[PDB]
There are 2 protein chains.
Amino acid sequence: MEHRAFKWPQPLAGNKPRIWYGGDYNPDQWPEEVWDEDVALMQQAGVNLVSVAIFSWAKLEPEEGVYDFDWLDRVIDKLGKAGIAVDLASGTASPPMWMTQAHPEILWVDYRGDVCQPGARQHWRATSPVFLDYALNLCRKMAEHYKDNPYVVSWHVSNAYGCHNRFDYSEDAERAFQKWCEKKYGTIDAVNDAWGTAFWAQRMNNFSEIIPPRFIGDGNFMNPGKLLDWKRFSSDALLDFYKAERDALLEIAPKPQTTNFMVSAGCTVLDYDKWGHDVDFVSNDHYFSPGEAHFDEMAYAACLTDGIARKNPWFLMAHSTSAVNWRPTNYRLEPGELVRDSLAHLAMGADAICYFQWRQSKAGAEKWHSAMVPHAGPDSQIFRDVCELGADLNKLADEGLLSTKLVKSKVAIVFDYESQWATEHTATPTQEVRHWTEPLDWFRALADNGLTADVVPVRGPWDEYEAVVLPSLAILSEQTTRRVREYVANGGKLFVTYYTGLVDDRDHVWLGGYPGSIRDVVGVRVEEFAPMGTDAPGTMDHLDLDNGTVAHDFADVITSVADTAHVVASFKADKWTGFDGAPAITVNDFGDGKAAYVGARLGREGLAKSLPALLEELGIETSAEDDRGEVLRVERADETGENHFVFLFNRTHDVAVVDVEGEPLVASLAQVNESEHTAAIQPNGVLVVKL
Amino acid sequence: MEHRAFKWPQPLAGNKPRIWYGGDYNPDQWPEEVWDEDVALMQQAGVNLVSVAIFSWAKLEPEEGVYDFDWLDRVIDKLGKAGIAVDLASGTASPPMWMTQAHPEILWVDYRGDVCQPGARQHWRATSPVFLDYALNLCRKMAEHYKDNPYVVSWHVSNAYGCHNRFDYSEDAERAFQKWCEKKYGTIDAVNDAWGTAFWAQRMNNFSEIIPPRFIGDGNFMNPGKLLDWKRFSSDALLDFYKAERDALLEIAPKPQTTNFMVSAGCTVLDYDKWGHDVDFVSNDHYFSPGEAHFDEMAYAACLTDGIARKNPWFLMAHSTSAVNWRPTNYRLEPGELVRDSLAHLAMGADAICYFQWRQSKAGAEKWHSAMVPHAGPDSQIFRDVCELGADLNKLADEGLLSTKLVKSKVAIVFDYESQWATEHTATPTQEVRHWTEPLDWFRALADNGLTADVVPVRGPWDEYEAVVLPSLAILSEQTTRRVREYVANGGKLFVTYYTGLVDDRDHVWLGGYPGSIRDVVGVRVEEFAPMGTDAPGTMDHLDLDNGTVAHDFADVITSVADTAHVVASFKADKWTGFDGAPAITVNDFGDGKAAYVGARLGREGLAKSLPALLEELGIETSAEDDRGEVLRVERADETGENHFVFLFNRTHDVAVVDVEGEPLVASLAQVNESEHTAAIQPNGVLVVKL
Ligand SMILES: OC[C@H]1O[C@H](O)[C@H](O)[C@@H](O)[C@H]1O
Ligand SMILES: OC[C@H]1O[C@H](O)[C@H](O)[C@@H](O)[C@H]1O
């Protein structure tokens with residue numbers, strides 16, 4: 001896999017490079033006189049880019065073969081005249097009513113054969129030929145019309161593919177899946193082997209016997225190999241649609257182009273790292289996680305985004321000023337979080353900061369979603385903070401932040417979309433264990449130990465790092481196995497955890513003892529698992545460790561430890577459980593490297609407490625200060641190292657005090673003491689320094 | 001109802017009778033070189049029977065009308081020559097893809113009309129004539145081919161009927177249900193009366209107006225008499241299918257034949273006692289209940305299996321060496337439980353001990369289900385315990401265990417599949433009360449008081465016992481009523497609980513006060529119920545009793561007690577409830593016997609504490625020992641008494657001390673003190689002795 005060449009949206013003629021600042025703009029939802037008020041307010045706020053026409057198909061093509069562009073010409077002109085750049089959409093995110101009325105075969109079909117209707121959005125099949133013809137047609141009309149518009153700086157292709165239409169079970173999907181399987185496997189016997197079809201009379205004579213994983217009765221168990229391929233296929237079918245639209249636009253109007261991802265700790269609707277290879281620049285939608293996890297999970301997701309972009313600058317396409325509309329309980333943001341959240345994504349390497357949306361809708365299903373201009377209007381704390389943020393971004397651009405990169409960490413935490421899919425089967429050891437939670441737990445625990453990790457997709461250069469975490473990385477292919485073995489052999493410092501390396505990329509178990517492909521590297525052998533929980537009276541729901549930590553949900557049964565290895569921590573338990581004195585945490589010497597195995601789920605807190613002794617043995621340096629977990633430190637720098645920025649975020653509900661090590665440029669809820677060269681950072685506060 | 005003559009699978013020429021030991025064997029999932037390792041490991045383990053071809057249809061008939069037997073002939077010859085017998089499947093458990101592609105009408109239909117697809121197993125309609133054709137054809141091909149094979153000791157017809165295909169709502173089912181109703185009732189007027197169809201305008205003019213209980217809207221209320229008959233019909237249709245396959249194998253290849261049941265405390269997909277009349281020997285699958293109930297519920301289930309078998313030896317077709325795959329959290333087994341669990345089924349009368357499965361699948365939906373040979377291979381604690389168990393079963397057969405029977409208890413606990421169905425309606429007094437939990441509660445509480453009960457299906461000879469429990473036995477027919485009355489009148493000691501005798505076998509309520517067919521027998525009259533729970537603030541969630549116990553979920557409102565009866569325990573409550581000082585537990589003198597009435601759910605704990613007084617009133621003797629409930633004592637003996645075995649299982653997490661009353665044969669996590677003639681049984685331990 002090669003990436004496309006990097007391309008970034010360029011300034012309007014006569015403008016200098018800025019951190020792009022703005023949001024989705026939907027003037028089609030407002031009387032025309034509002035657009036001038038919009039433009040005045042945008043200039044006040046320091047907004048310099050908006051994303052237009054994303055769901056405007058029914059206005060752009062109001063009946064088949066009739067096109068209406070004048071309204072959009074006029075808004076683009078207003079914006080451009082005022083010095084505001086337009087990120088223009090294909091307009092193909094969701095079809096108009098006329099089209100699905102005429103062609104119901106466009107509508108995706110669920111696992112039971114029920115047809116998703118219009119009434120919301122993105123109700124189209126990824127593999128519909130009819131819908132592709134309509135999408136490519138609008139793409140060509142749009143590219144033809146805006147080819148020479150100097151105010152349009154980039155293409156926003158469709159919108160968040162697969163958010164609603166990830167899975168289709170129609171005849172189109174059935175045929176496409178068959179062809180996808182022929183292309184991957186060549187022969188039906190290679191499919192029979194991969195999926196283990198000798199089990200339960202599933203063996204197929206030919207590729208026409210491959211059906212999608214449709215309804216099989218509630219609570220019954222689908223073929224796991226097949227269901228993993230179904231997820232890979234579904235991602236790939238949408239990726240092919242993206243490529244088609246992308247290609248139809250660029251053939252006519254070559255401009256920097258992206259499509260917006262949905263990278264967050266727990267969102268795996270697509271293999272976003274694979275998709276990263278086909279965008280010109282990575283753009284992402286991220287919304288805060290409610291409660292205590294808000295800051296850490298956002299910094300993590302932004303970190304992953306940077307990792308998908310291979311440390312190139314990236315584009316925050318969407319986040320919220322305050323509440324969203326789509327949770328059961330739509331918590332608002334607290335004072336300071338607007339500025340802080342935006343500066344967090346920026347610190348993780350974004351050169352653009354954009355919201356959904358500019359102006360809060362007064363009608364429709366997202367009327368309750370926050371905006372930059374709330375229902376309350378610009379006499380509001382939200383808009384004041386938006387303007388403050390505008391001025392902050394202008395300041396950081398002035399001081400040279402643009403094109404700097406997220407500094408390389410000591411530690412790469414590995415993420416694999418496919419490993420997450422493997423852990424989603426309904427007949428694994430426990431539904432309570434998925435891939436995705438572990439890398440996040442480790443990011444938080446390393447931050448508690450004063451270390452900001454990088455998060456690196458499994459295809460990416462994790463093997464170039466001082467230290468690497470494999471966090472519940474269920475899949476290890478032959479290839480990844482070899483990369484792991486050699487990494488350690490040649491000086492690598494590895495952490496491996498439970499639920500890592502169970503299977504290969506066909507979802508076949510590595511035999512002989514878990515983790516079956518790398519027992520030599522970790523220096524342990526696991527014969528079986530001990531899932532934990534509380535779903536009946538008297539189930540085992542925890543295991544204490546002799547290092548003052550407690551395991552929940554899952555523990556390995558380690559039955560041997562190599563001679564090159566030693567036990568760092570052991571379980572304490574009732575004798576009849578088998579776990580008393582059993583190994584929990586181990587470190588192994590392998591070539592010139594070391595590998596630690598963490599044989600149970602310890603959570604953030606457990607990991608955080610377990611880590612000092614492991615980091616010491618593996619030779620990973622951190623601060624000794626007991627306050628090192630209070631702030632998250634995030635650095636951007638150019639290649640020289642001359643333009644070097646440090647972002648410091650309070651992670652706590654206490655006042656955090658830090659050294660100021662340069663010129664302070666931005667201070668949200670932070671007060672510097674010039675003479676003592678110190679700063680007190682309030683809760684939800686941030687200080688930005690240039691070294 | 002007649003049972004079939006008992007037949008048991010016989011040894012291979014030249015072998016002595018043994019406790020059949022082994023499991024499901026799936027060579028078709030492995031390279032043929034692996035079969036040699038399998039056979040060597042089976043011999044090391046003392047395995048002497050395997051169950052083959054259960055899901056092998058796609059290999060035996062890889063296309064319509066093409067048969068491939070050679071692989072199977074070879075595997076069978078490898079086994080038989082190594083002294084391992086073969087329980088051969090009909091292969092008809094689940095159809096291959098080519099068959100359902102060609103004949104979609106085979107596929108069962110859910111209540112909403114959505115067709116169950118292939119992708120897991122058993123996706124066929126019980127009443128499909130085309131599927132019957134295919135299944136009988138393969139039966140005959142297999143019978144014709146293996147009728148003179150001397151290594152095939154029995155037939156395993158299909159597999160676990162109804163586990164996935166209990167209910168079908170297709171046109172086939174509709175027509176079959178009409179004919180079923182006409183056979184049972186004769187006239188549409190008799191159906192109308194049974195189902196109470198004057199209510200809600202449901203009266204039918206003819207049999208063509210009967211439809212299955214299909215979708216009526218979420219939360220709406222099906223006609224209860226029809227639903228009960230639907231569950232009766234569903235079990236009967238699968239039974240007719242089983243009999244057709246059976247008769248087709250046996251007309252060609254008369255060998256001993258069974259089909260595996262799923263008897264456990266809570267599983268009632270079929271009337272397994274009824275199905276018990278059509279097997280030659282009873283076989284069963286049972287998997288452990290997680291947590292505290294593991295040991296007790298397994299013993300209870302084994303006990304019920306023995307009851308269904310009418311005290312003939314029976315075949316444990318499946319259980320697990322450790323974790324299963326199909327729970328949300330798949331807990332492992334603790335040290336010693338492999339052996340103990342097997343010995344529990346044995347103590348309760350099994351002459352065969354078999355596992356799912358011999359070797360752990362490395363691919364497919366049950367890859368995480370434990371086995372006799374784990375992924376880790378034969379160098380494993382599981383394989384060592386499998387080998388130790390094999391030796392123990394050889395030892396026990398050498399000492400004369402075979403064909404001994406579970407000793408007749410003082411107490412029969414009555415179980416009625418149909419009564420559980422009656423309690424399943426959505427408009428009962430409370431969804432918290434079902435038939436099934438009460439017999440289990442009584443079994444455990446009787447064990448707390450040092451008595452091992454028998455569990456006897458309602459059709460079975462419970463009226464021959466010293467004492468009898470009717471536990472939430474919601475149906476009492478006229479015939480069962482007469483049997484209960486005559487039992488007590490002639491000297492029986494009866495325990496009757498709440499939710500007993502509400503309805504007849506048509507689900508019509510017995511009028512005049514509950515329980516309305518037997519008020520004279522129990523000497524009480526219930527006017528109404530008081531369900532209890534916590535589903536709004538301030539609901540009544542318990543009622544204390546003056547014997548130091550607490551009722552939950554349900555209490556009866558007893559408003560009169562007969563002159564022949566007296567009150568043993570009363571409720572204590574806030575006065576506004578109406579329950580302060582009301583009767584809770586009574587005893588009535590009726591003819592030469594007694595009937596105790598327990599008018600609330602006391603649970604295991606409350607029943608345990610209540611039982612000393614009740615046992616004394618009813619003249620049922622038990623130990624006086626404080627420690628009488630620490631251990632479950634299970635006994636098997638021949639008709640003479642000459643071979644008399646005692647199994648002693650620790651039920652606790654303490655060391656149980658016991659008296660050794662014969663020769664110790666098997667001691668798992670138990671230590672005999674020779675000279676004191678005592679033994680220390682560790683948690684999860686068991687001692688087996690011959691007197
Ligand atoms: O949070 C809601 C918001 O989510 C994403 O960013 C979408 O692309 C937007 O159109 C909107 O639906
Ligand atoms: O525990 C899993 C196991 O359950 C039963 O015993 C079935 O008959 C087997 O085929 C298998 O599915």
# chains A, B, ... in the order shown; residues from 1 in each chain; ligands from 1

$ residues_around --residues "residue 316 (chain A)" --least-positions-apart "3" --cutoff "10 Å" --atoms "only C-alpha atoms" --output "ChimeraX atom specification"
/A:20-23,260-261,282-286,302,305,319,342,345-346,349-355

$ closest_atom_pairs --of "chain A" --to "ligand 1" --cutoff "9 Å" --atoms "only C-alpha atoms and all ligand atoms" --output "Markdown table"
| residue | atom | partner | partner_atom_place_in_ligand_line | distance |
| --- | --- | --- | --- | --- |
| A:24 | CA | ligand 1 | 10 (O) | 7.8 |
| A:54 | CA | ligand 1 | 10 (O) | 7.9 |
| A:55 | CA | ligand 1 | 10 (O) | 8.3 |
| A:159 | CA | ligand 1 | 8 (O) | 5.8 |
| A:160 | CA | ligand 1 | 8 (O) | 5.7 |
| A:163 | CA | ligand 1 | 7 (C) | 8.9 |
| A:260 | CA | ligand 1 | 8 (O) | 7.4 |
| A:261 | CA | ligand 1 | 8 (O) | 8.8 |
| A:262 | CA | ligand 1 | 6 (O) | 7.9 |
| A:284 | CA | ligand 1 | 6 (O) | 8.3 |
| A:285 | CA | ligand 1 | 6 (O) | 5.0 |
| A:286 | CA | ligand 1 | 6 (O) | 7.1 |
| A:287 | CA | ligand 1 | 1 (O) | 6.7 |
| A:317 | CA | ligand 1 | 6 (O) | 7.2 |
| A:318 | CA | ligand 1 | 6 (O) | 4.9 |
| A:319 | CA | ligand 1 | 6 (O) | 6.6 |
| A:320 | CA | ligand 1 | 1 (O) | 7.0 |
| A:323 | CA | ligand 1 | 1 (O) | 8.9 |
| A:324 | CA | ligand 1 | 1 (O) | 5.6 |
| A:325 | CA | ligand 1 | 1 (O) | 6.8 |
| A:326 | CA | ligand 1 | 1 (O) | 7.0 |
| A:355 | CA | ligand 1 | 6 (O) | 7.8 |
| A:356 | CA | ligand 1 | 3 (C) | 5.7 |
| A:357 | CA | ligand 1 | 11 (C) | 7.9 |
| A:366 | CA | ligand 1 | 12 (O) | 7.2 |
| A:369 | CA | ligand 1 | 2 (C) | 6.9 |
| A:370 | CA | ligand 1 | 1 (O) | 8.7 |

$ closest_residue --among "A:71, A:151, A:199, A:167" --to "ligand 2" --atoms "only C-alpha atoms and all ligand atoms"
A:199

$ atom_distance --atom1 "CA of residue 301 (chain A)" --atom2 "CA of residue 280 (chain A)"
19.9 Å

$ interface_residues --of "chain B" --to "chain A" --cutoff "6 Å" --atoms "only C-alpha atoms" --output "ChimeraX atom specification"
/B:29,55-58,96,116-117,119-120,291-292,325-326,328-332,334,362-365,375-377

$ write_last_selection --atoms "N, CA, C and O atoms" --output "CSV table (one decimal), in the first residue's frame"
chain,number,residue,atom,x,y,z
B,29,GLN,N,-12.7,-32.2,10.1
B,29,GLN,CA,-12.1,-30.8,10.3
B,29,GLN,C,-10.6,-30.8,10.3
B,29,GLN,O,-10.0,-29.7,10.5
B,55,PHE,N,-22.4,-33.6,12.1
B,55,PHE,CA,-22.7,-32.5,11.2
B,55,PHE,C,-22.0,-32.6,9.8
B,55,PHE,O,-21.5,-31.6,9.2
B,56,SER,N,-21.9,-33.9,9.3
B,56,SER,CA,-21.0,-34.2,8.2
B,56,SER,C,-21.8,-34.3,6.8
B,56,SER,O,-21.2,-34.8,5.9
B,57,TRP,N,-23.0,-33.8,6.7
B,57,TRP,CA,-23.9,-33.9,5.6
B,57,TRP,C,-23.2,-33.4,4.3
B,57,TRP,O,-23.2,-34.0,3.3
B,58,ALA,N,-22.5,-32.2,4.5
B,58,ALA,CA,-21.9,-31.6,3.3
B,58,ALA,C,-20.7,-32.4,2.8
B,58,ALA,O,-20.2,-32.1,1.7
B,96,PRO,N,-26.6,-29.2,3.9
B,96,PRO,CA,-25.6,-28.4,3.2
B,96,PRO,C,-26.2,-27.3,2.4
B,96,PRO,O,-27.4,-27.4,2.0
B,116,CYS,N,-35.3,-17.8,8.5
B,116,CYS,CA,-34.0,-18.1,9.0
B,116,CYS,C,-33.1,-18.6,7.8
B,116,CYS,O,-33.4,-19.5,7.1
B,117,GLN,N,-31.9,-18.0,7.7
B,117,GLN,CA,-31.0,-18.3,6.6
B,117,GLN,C,-30.0,-19.4,7.1
B,117,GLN,O,-29.8,-19.5,8.3
B,119,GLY,N,-26.0,-20.4,7.7
B,119,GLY,CA,-24.9,-19.6,8.2
B,119,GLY,C,-24.5,-20.1,9.6
B,119,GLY,O,-23.4,-19.8,10.2
B,120,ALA,N,-25.4,-20.8,10.3
B,120,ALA,CA,-25.1,-21.5,11.6
B,120,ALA,C,-25.6,-22.9,11.4
B,120,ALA,O,-25.1,-23.6,10.5
B,291,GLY,N,-21.3,-19.9,38.5
B,291,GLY,CA,-21.3,-19.4,39.8
B,291,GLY,C,-21.7,-20.5,40.8
B,291,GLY,O,-21.5,-21.7,40.7
B,292,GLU,N,-22.4,-20.0,41.9
B,292,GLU,CA,-22.8,-20.8,43.1
B,292,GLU,C,-23.6,-22.0,42.7
B,292,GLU,O,-23.4,-23.1,43.3
B,325,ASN,N,-18.7,-21.8,24.6
B,325,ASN,CA,-18.5,-20.7,23.7
B,325,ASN,C,-19.7,-19.8,23.7
B,325,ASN,O,-19.6,-18.6,23.2
B,326,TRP,N,-20.9,-20.2,24.2
B,326,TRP,CA,-22.2,-19.7,23.8
B,326,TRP,C,-22.7,-18.8,24.9
B,326,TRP,O,-23.9,-18.3,24.7
B,328,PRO,N,-22.4,-15.1,27.3
B,328,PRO,CA,-21.8,-13.7,27.2
B,328,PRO,C,-20.5,-13.7,27.9
B,328,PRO,O,-19.6,-12.9,27.5
B,329,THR,N,-20.3,-14.4,29.0
B,329,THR,CA,-19.1,-14.5,29.7
B,329,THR,C,-18.8,-16.0,29.9
B,329,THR,O,-19.5,-16.6,30.7
B,330,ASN,N,-17.8,-16.6,29.3
B,330,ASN,CA,-17.6,-18.0,29.3
B,330,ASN,C,-16.5,-18.4,30.3
B,330,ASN,O,-15.3,-18.6,30.1
B,331,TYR,N,-17.0,-18.4,31.6
B,331,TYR,CA,-16.2,-18.9,32.8
B,331,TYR,C,-15.6,-20.2,32.5
B,331,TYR,O,-16.3,-21.1,31.9
B,332,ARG,N,-14.4,-20.4,33.0
B,332,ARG,CA,-13.7,-21.7,33.0
B,332,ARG,C,-14.1,-22.5,34.2
B,332,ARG,O,-14.8,-22.0,35.1
B,334,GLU,N,-12.8,-24.7,37.5
B,334,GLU,CA,-11.8,-24.6,38.5
B,334,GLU,C,-11.1,-26.0,38.7
B,334,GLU,O,-11.8,-27.0,38.4
B,362,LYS,N,-10.1,-25.2,15.6
B,362,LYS,CA,-9.3,-24.0,15.5
B,362,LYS,C,-10.0,-22.9,14.6
B,362,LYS,O,-9.4,-21.8,14.5
B,363,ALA,N,-11.1,-23.3,14.0
B,363,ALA,CA,-11.9,-22.3,13.2
B,363,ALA,C,-13.4,-22.7,13.3
B,363,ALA,O,-13.7,-23.8,13.6
B,364,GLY,N,-14.2,-21.7,13.1
B,364,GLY,CA,-15.6,-21.8,13.1
B,364,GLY,C,-16.2,-21.3,14.5
B,364,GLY,O,-15.4,-20.9,15.4
B,365,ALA,N,-17.5,-21.4,14.6
B,365,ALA,CA,-18.2,-20.6,15.7
B,365,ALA,C,-18.0,-21.3,17.0
B,365,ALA,O,-18.2,-20.6,18.1
B,375,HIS,N,-6.6,-26.4,22.3
B,375,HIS,CA,-5.7,-25.8,21.3
B,375,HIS,C,-4.3,-26.0,21.8
B,375,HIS,O,-3.4,-26.2,21.0
B,376,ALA,N,-4.1,-25.9,23.1
B,376,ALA,CA,-2.7,-26.0,23.7
B,376,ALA,C,-2.1,-27.4,23.5
B,376,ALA,O,-0.9,-27.5,23.6
B,377,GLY,N,-3.0,-28.4,23.2
B,377,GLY,CA,-2.5,-29.7,22.9
B,377,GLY,C,-2.5,-30.6,24.1
B,377,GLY,O,-3.0,-30.3,25.2

$ residues_around --residues "residue 276 (chain A)" --least-positions-apart "4" --cutoff "8 Å" --atoms "only C-alpha atoms" --output "list in words"
residues 3, 272, 281, 282, 308 and 309 of chain A

$ closest_residue --among "B:231, B:243, B:18, B:367" --to "ligand 2" --atoms "only C-alpha atoms and all ligand atoms"
B:367

$ select_by_dssp --residues "region 161-305 of chain A" --states "strand (DSSP E or B)" --output "list in words"
residues 257, 258, 260, 261, 264, 267, 283, 284 and 285 of chain A

$ select_by_dssp --residues "region 65-166 of chain B" --states "helix (DSSP H, G or I)" --output "ChimeraX atom specification"
/B:70-81,97-102,104-106,129-146

$ atom_distance --atom1 "CA of residue 585 (chain B)" --atom2 "CA of residue 620 (chain B)"
17.2 Å

$ atom_distance --atom1 "CA of residue 560 (chain A)" --atom2 "CA of residue 521 (chain A)"
13.5 Å

$ residues_around --residues "region 140-143 of chain A" --least-positions-apart "5" --cutoff "7 Å" --atoms "only C-alpha atoms" --output "JSON, numbers by chain"
{"A": [90, 248, 249, 252, 253]}

$ closest_residue --among "B:82, B:108, B:441, B:327" --to "ligand 2" --atoms "only C-alpha atoms and all ligand atoms"
B:327

$ residues_around --residues "residue 168 (chain A)" --least-positions-apart "6" --cutoff "7 Å" --atoms "only C-alpha atoms" --output "JSON, numbers by chain"
{"A": [108, 109, 110, 125]}

$ write_last_selection --atoms "N, CA and C atoms" --output "PDB file, in the first residue's frame"
ATOM      1  N   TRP A 108     -30.646   0.534   0.856  1.00  0.00           N
ATOM      2  CA  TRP A 108     -30.014  -0.596   1.538  1.00  0.00           C
ATOM      3  C   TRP A 108     -31.030  -1.429   2.328  1.00  0.00           C
ATOM      4  N   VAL A 109     -30.652  -2.696   2.565  1.00  0.00           N
ATOM      5  CA  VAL A 109     -31.512  -3.759   3.087  1.00  0.00           C
ATOM      6  C   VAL A 109     -30.843  -4.367   4.311  1.00  0.00           C
ATOM      7  N   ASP A 110     -31.600  -4.565   5.411  1.00  0.00           N
ATOM      8  CA  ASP A 110     -31.005  -5.063   6.648  1.00  0.00           C
ATOM      9  C   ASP A 110     -30.940  -6.599   6.639  1.00  0.00           C
ATOM     10  N   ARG A 125     -27.284   1.842  -0.855  1.00  0.00           N
ATOM     11  CA  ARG A 125     -26.405   0.676  -0.899  1.00  0.00           C
ATOM     12  C   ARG A 125     -25.043   1.043  -1.507  1.00  0.00           C
TER      13      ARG A 125
END

$ residues_around --residues "residue 307 (chain A)" --least-positions-apart "5" --cutoff "12 Å" --atoms "only C-alpha atoms" --output "number ranges by chain"
A: 263, 272-273, 276, 282, 300-302, 312-314, 348-350, 405-409, 412-416, 453-462
